[PDB]
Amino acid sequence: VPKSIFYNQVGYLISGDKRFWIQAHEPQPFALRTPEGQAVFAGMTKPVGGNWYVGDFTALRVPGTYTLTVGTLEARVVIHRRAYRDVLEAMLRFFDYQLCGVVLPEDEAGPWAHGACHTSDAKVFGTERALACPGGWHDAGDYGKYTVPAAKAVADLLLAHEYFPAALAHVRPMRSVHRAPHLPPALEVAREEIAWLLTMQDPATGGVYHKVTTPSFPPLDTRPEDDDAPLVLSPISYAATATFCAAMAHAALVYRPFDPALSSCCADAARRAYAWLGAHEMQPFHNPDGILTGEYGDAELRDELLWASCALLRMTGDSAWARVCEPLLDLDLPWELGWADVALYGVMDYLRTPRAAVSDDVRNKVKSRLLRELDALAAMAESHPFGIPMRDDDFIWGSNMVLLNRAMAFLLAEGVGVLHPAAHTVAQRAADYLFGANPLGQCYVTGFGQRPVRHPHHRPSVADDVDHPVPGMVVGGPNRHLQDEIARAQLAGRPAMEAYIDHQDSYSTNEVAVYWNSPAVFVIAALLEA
């Protein structure tokens, strides 16, 4: 914990809420000054519990770089019209930096450029059958491409495009690595993953392979193009087939006015996947022998079927689908945004379907439960010193995604008549926390803030002779379970929010992932929208 001011190290929006935190004993006066030193705003800090005091300077609407002064402490804060444009663009460009089997030229990628990687055909596990499944994204700090988390990353980007297209219009991805005519930014980026996902479906049965990876993780010091181990397609899985179905049905809708051929192809692929679901058992995935890469296992598969059923309901607008959706909507499944518990994606597709196609009575029950869920998140946020909807027990592996998915839920609900008053405050607080407003004063995104992430568990950043890591990567964040050797040795006994270390070997607190950037893209685009 540093002895300083804790604030949003990226900046504050002219019209947004503006807050800073300090560990203090009592209220103190504070001032905001122009770079010369003249006071422009003054106020008194107020208690928020657990050693914390806050200062609110929301009413300062003049853009600029200000010196915030409290006690003997100083901080430089930025107020701007589009304070989050650069970070949103870097968070979206991260997916292009993760591209597999694609030359990333220096004019686009800069020092983090590299040649086409993993270009060989993959072998179907337990067969001699080879299959070409290039493209898409390296999942995270490793090079595997896993279907289940890929579905979440795609759905989050499609949702961000559906909700906030104007915010997204101001950002530029690695445009020259993508096919022309160029689509809106989130759609152009997500199409690379959608194209790869289509190659993961077995033409014979409609089933989808769980993942394509090397048999084991290569050393942390491996460049993408030096990873020459043979590629293996792990068996078809129910979770993969169901999450693929839902992501493809969602992409068929969203791409309809932009890429008709892709849209039609995704719609056909989603239906064949749904036919596979109806003919096979809900069997959890487990790594086969000799496969040591990310398992993405899950014993509960009704939420995946719920999402797949609701996605096709909205895709077709056919009331026939509501017969399967509605009983699944009644289950005591957690209503979350993945990667393992995905029911809220289905709830959203259901609630976004024209009313005439669904039971009004079920629809009202669905909306009421969503409001109760958001009230419970609002209560967590009210008791948190940083105003984020988190409890100490939520600081697990990928706790930043847990936070962002929760902010995302409030924002999504606004599109379906569920208007919680805390929605915008929660989104701002999630961004503030992600950008430094936390007990470690840590900005959880590489290349941004005054205390950026410098040593992520990310093979390209470790392996290159740059690190100085690839920018715009959201790290997993604090995980109280100490799920790596560095966390066990250096973070024992520390509070849940302090269970993070910016060390390359801390994969349980400091890895990056396509499905950790995807809710951040949604949340940051929502704030930029306003």
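In this text, residue numbers run from 1 along the sequence as written.
message: Can you tell me whether 131 to 139 has a higher mean C-alpha B factor than 153 to 161 in this record, or the other way round?
response: Per the PDB record, 131 to 139.
- prompt: Looking only at CA atoms, which has the higher mean B factor in the entry: 304 to 312 or 176 to 184?
  reply: Between 304 to 312 and 176 to 184, it is 176 to 184.
field: Selection from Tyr274, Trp321, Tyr296, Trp397 [criterion: highest C-alpha temperature factor in the record]
entry: In this record, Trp321 carries the highest C-alpha B-factor of the candidates.
From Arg93, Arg76, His250, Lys211, residue of greatest CA B-factor: Across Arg93, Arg76, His250, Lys211, the entry lists the biggest C-alpha B-factor for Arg76.
query: Would the CA B-factor of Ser15 place it in the lowest, middle or highest third of its chain?
result: It falls in the top third of the chain.
- request: Taking the chain's C-alpha temperature factors as the reference, tell me which third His118 falls into: lowest, middle or highest.
  value: Middle third.
Ranked C-alpha temperature factor of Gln23 among modelled chain residues, by third: Its C-alpha B-factor belongs to the highest third of this chain's values.
- request: State the tercile, meaning the lowest, middle or highest third, of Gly338 with respect to the CA B-factors recorded for its chain.
  value: Ranked within chain, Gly338 CA B lands in the lowest tercile.
- prompt: What third of the chain, by the recorded C-alpha B-factor, contains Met390?
  reply: Within its chain, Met390 is a lowest-third residue by C-alpha B-factor, going by the deposited values.
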